[PDB]
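Chains as they are written, first to last, in full-length UniProt numbering: chain A, 3 to 394; chain B, 3 to 394; chain C, 3 to 394; chain D, 3 to 394.
Put into structure tokens, the structure is as follows:
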């Protein structure tokens, strides 16, 4: 197939730009020029590009240089037609953030982190970004006695309340997406799962401005079901953005191409995002790839890997649709009673009083006869997989 | 040390009563009489007992049978002075619940599940229970296409709203605690972590009546930090109850005695619960042990294991107290700046305008100098362990 | 694609016959009759059936009874043309085995464990079985001080040496396949991975007679690469049998249909076993499915799930073949230097003296230049996945 | 407690010397001078130091520089009395090793990797090192089709056989210790566990010169029982060296201080190594710490953490000793029949025929009566923890 701008494939500058310096070895690739990145991505089908402040403008650049870079960057976007759907801030690389940005034990670091983000909010607003992604990679601890979690949640809230205030007053119209991750680089990161992140956002001052940006690999690092967590996020209406990549369970963060880790879960995820209610997708934001071309690769492997993300999503999309359109699948869904879950448990107007009065729901209920009937889930799963293998 | 009623140690009838039939073998113990369990627990210092409907009254008992069991039960409670602080319903054993209780794809099962629960609420209210724990062990899936999560969450919510209604109408004054679990017995369970359950609870009709009942091993099954998720539950004010046990990371549910799994996390958990703000505990509900005496033990090992739970908690509490009263630990805490997180990041009355104006927060911030200061976290962790080891 | 006797699909009596009684619920299916199972399996294309002693002949059947069952069984075999490639012994269900069979702390259980196996050996011999699978599910511990590992290995060895002695004296011609598992039912099981089992076997008296029976799911419970461990087993020539099934990382043992868990690894595994050395398979034994039909299924679901196992294998085989025959794959394999690994590092007749004299292997070696060339591994991976999805 | 040279505590130069540049941030500490490291370690009680070739001599130093550095290092050891018990080679940092050293698909890289190691073997021999540790960190893959595991194992073997040939011919008398790791930095590493490494070594030409160097966190990254694994290594007599550190289950490689991760396992481990047969340790080599001072620390934090390792080991030893010495433990050990596993299952000269003729081992055996006696394991376990906690 071919990607269109309507597919909304976006990529971070730090993805195809990863030089491949890992925890145990030096970079295997030279630095990628941002203008070139814009051009290359435009060519493979991306509709947008994203970046951390520090990906674009080197940490500690004078005003002149910074200005210079931005203006060149704006031209490339101009020329190519790419947009900046989201921007983010680096609060994890510099040594000053070793104990965190917003929740550093050190108060002067917290104040500096806020300043660094306000500044990226301005650049973001100016480039037309709609979302501010917040990844607290250094928020957490290696040792339990070293971090007061309650105080850290207070300080986290205190910094987000301010960012919302500022954006609303400046009229930027940004939405904020918190990105949860269980560990790496901290032994334990605060807001470890999509769940913890949604519960937190609900405690903010203007909760309607906050949602989450879950990443496939992050939830899998804890062995959780990504598709199911995204279905919960959509139920809550907090799916503000999504980071797509691959991972092979609980181990270091692999950042593989989307669908190169848990293939069965990548299939069910594409199905959930696209075969939404009223035919239409359940999710309309950017399909953003936050992955890394393997360290064994050169620049050709880099563009190859960029294209693989797109091809994986589109091949899966194609099979998810065929799946839903199959009459045999339709028959299996019916036998499994998948849609019966959508009909309320109670008849319209029934409350506990009427339920209590229904002998058929308890006193005369034959739990044994009901318990003997199978749901046909295995057959239903086998049909999904045969669709994924292109065997039907 | 010795447990007092003020310690509020409680046990489920199903813990000391587990006959040890596992997934690969037959029971190794004969059944425990509930009256005998009441007497034995009182004797080791428990203040309360809890139970699933089916633990006390065999599934399908006629009303005469059920009434007799209940009356002998109440007499035992009376005579020993033990109370019933929480009650729960078995929605996982019978074959009828193979696809869940409240979220089974089968509508009639959903209606029966609610009636089973209503009946237990009446019995709980008559025994004086203040909490109803809800463990949706069968709510979930083994295959992604078998379960519509969104419909499932709608059905879950629909059942819970009715229960709150009935309780409030009957004046039962119950609080509801959802217990999260990532998997086992379903491949993937809905509301997998304390975070997911808290975010869900926030969407109910009367959220104030709902909180969570997190279990030590449950979060460890996902390799998450239990103390840190409890800290967040406390921040939201949703810690309605707690299940204490041991686990060795991601593997089947072990249900070891509390402290026999991740000792260091057990230590920091006891510190958090008891050394709360204002001298006083941060949590005041029951300290409930939801564990299982190992399959290798006989009834002597069963009572030894019940006593081990209480001993473990009291020993850790003693060491947590000494930890905080150490002037050396206090000095390490000050050097690591733990308490400085409790100080707002913004000055009183400062807003973004004033922050933007503070050049010390950015323009004149020496990131590099701050970045080089150590936090002394290792040293702090070392003192903590020396206290646990009784080396200090 | 249809199954042939040449495909060698075998199933354990206990897979399709699993009543779905789990750690938290009652059985949802009635007992399956063995003659019936033989007939049904013959029908779906299985070439063979396997069983634990206790799956066929109920624990404690008198000789008359036992004798009667075997005769019926043999007749069913006869009629369908099904063979018994392997037999095993249940050393895990009965309470006497709660601390192990061969390595129980109790000397009398150890003695009984050996007698139980000798007896099963005679029956296997009688039915023509070639392999004796030994799954030490109860060998291990929940607490480190409870089991002397060293002594346990001595006793595991002592027992196996005796079995081989007996087999050899009697002329049975059996091969012994140890089955590794990291945990469940025990907190930790002795010989936890394929590696630990191979290393152990190398220490017995007649090692040539011993190998392993690795199970997909068991390696995945530790997050290990199953394909990669099978490659190493093949390298040692110790792959005596294989148990195929599915799993979703580290959590309780799921026993899904082969390919329903880690699909990508299921693909690379079939490629490994079938696209062997000549053109021929690298593995010639039974393709044994050790799975469980999900608890939500009735007998229709059971037969569906049996068929699904065969279907997944044949579908993956078909795509593995196509992958290797693609000229584009050939090209990608050439660019990745896969085959270059098969060429010895040293030239024929070269030793350390010659290597040390080669200035080009070090002194004049341009590591920087070599380190800049890509291996093109992502692209190769992408072609593999496209073959899997029937996209090529 | 005080460390003595008889304690044999060693530290890698790369441990205390780790500049804290992780996968997400820049170094937070300046470079440590080898000579200074030697003086500091000597001072905290270490008896020896280890290093990777590239830790002491910057990759690419001329012989003049190289020589100068060796000379000074040699002086420092001289003055302090420290020895170099082990040396290793860096076959993972430089980009040339992106696909491995010994198993790179590129033949030239393989030749180069051997030369790099021969050279390090020379320096090791000159400094009196007895063990060459081989950590194949880059041997493995991210994708299944990229690496022929069989070919890889052949090439790993080819390289190792040459190394033993050389050492034996030069009369260096070195022992080779393969260090297993499941993942990080490759998606999956060859020889993922202590078990796989032991099985592989048994296939070399001179197997008696080869053993393993297992690392605490490496086995815990797969959620394996480190103590049980060491016990097996000891049974095989392949425990040639050991790397001690801490980890919190399956997540990135943390490298915490020894005992700061799974504390209960750290305890059973010291008990295993120290309370060997007849009072004497079961292990005689270096007690080597391969850990990292947390990124949040400064040089103060660094020295602290170095001492914490010694401290932890000595506190644990002390409690392990007391545990075993407690007549109450002694009594619980007896009741749990731990030592009964040491008695052969078979009587002296007893074979299959005498066992088959013994009615008490089967025919007349009361499995039900034996199946009901408890092992008293929870109680023994609770006694161990109370010793650890200093409460006994």
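Don't be surprised by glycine CBs; every beta carbon is placed ideally from N, CA and C.
Distance check for residue j and residue i, CA to CA, integer angstroms please.
| i | j | result |
| --- | --- | --- |
| residue 263 of chain A | residue 246 of chain A | 11 Å |
| residue 99 of chain A | residue 228 of chain B | 25 Å |
| residue 250 of chain C | residue 204 of chain D | 32 Å |
| residue 216 of chain B | residue 244 of chain B | 5 Å |
| residue 308 of chain D | residue 15 of chain D | 11 Å |
| residue 335 of chain D | residue 290 of chain D | 31 Å |
| residue 114 of chain A | residue 363 of chain B | 5 Å |
| residue 70 of chain B | residue 171 of chain B | 28 Å |
| residue 232 of chain D | residue 13 of chain D | 20 Å |
| residue 313 of chain C | residue 4 of chain C | 8 Å |
| residue 331 of chain A | residue 106 of chain B | 20 Å |
| residue 324 of chain A | residue 394 of chain A | 9 Å |
| residue 21 of chain C | residue 30 of chain C | 6 Å |
Between the options, which lies nearest to residue i when the distance is taken from Cα to Cα?
| i | options | result |
| --- | --- | --- |
| residue 136 of chain B | B/91, B/25 and B/114 | B/91 |
| residue 270 of chain C | D/200, D/143 and D/161 | D/143 |
| residue 225 of chain C | C/321, C/16, C/212 and C/267 | C/267 |
| residue 180 of chain C | C/189, C/196, C/55 and C/308 | C/196 |
| residue 96 of chain B | A/379, A/374, A/393 and A/389 | A/374 |
| residue 8 of chain D | D/160, D/66 and D/47 | D/47 |
| residue 322 of chain B | B/391, B/78 and B/36 | B/391 |
| residue 11 of chain C | C/368, C/288 and C/320 | C/288 |
| residue 326 of chain D | D/291, D/351 and D/276 | D/276 |
| residue 285 of chain C | C/354, C/236 and C/305 | C/236 |
Can you tell me whether residue i is buried or exposed? The criterion is at least 16 other CB atoms within 10 Å of its CB, across all chains shown.
| i | result |
| --- | --- |
| residue 345 of chain A | exposed |
| residue 349 of chain D | exposed |
| residue 242 of chain D | buried |
| residue 222 of chain A | buried |
| residue 361 of chain C | exposed |
| residue 112 of chain B | buried |
| residue 17 of chain C | buried |
| residue 186 of chain B | buried |
Given a cut-off of 8 Å on the beta-carbon distance, is the pair residue i and residue j in contact?
| i | j | result |
| --- | --- | --- |
| residue 89 of chain D | residue 125 of chain D | yes |
| residue 234 of chain C | residue 155 of chain D | yes |
| residue 206 of chain D | residue 163 of chain D | yes |
| residue 108 of chain C | residue 339 of chain D | yes |
| residue 84 of chain D | residue 44 of chain D | yes |
| residue 218 of chain C | residue 260 of chain C | yes |
| residue 315 of chain C | residue 372 of chain C | no |
| residue 258 of chain A | residue 301 of chain A | no |
| residue 32 of chain D | residue 86 of chain D | no |
| residue 36 of chain A | residue 75 of chain A | yes |
| residue 214 of chain C | residue 182 of chain C | yes |
Exercise. Of all the beta strand (DSSP E) runs that stay within the bounds of the stretch 188 to 262 of chain A, which reach a length of 3 or more residues?
Worked result: 212 to 214
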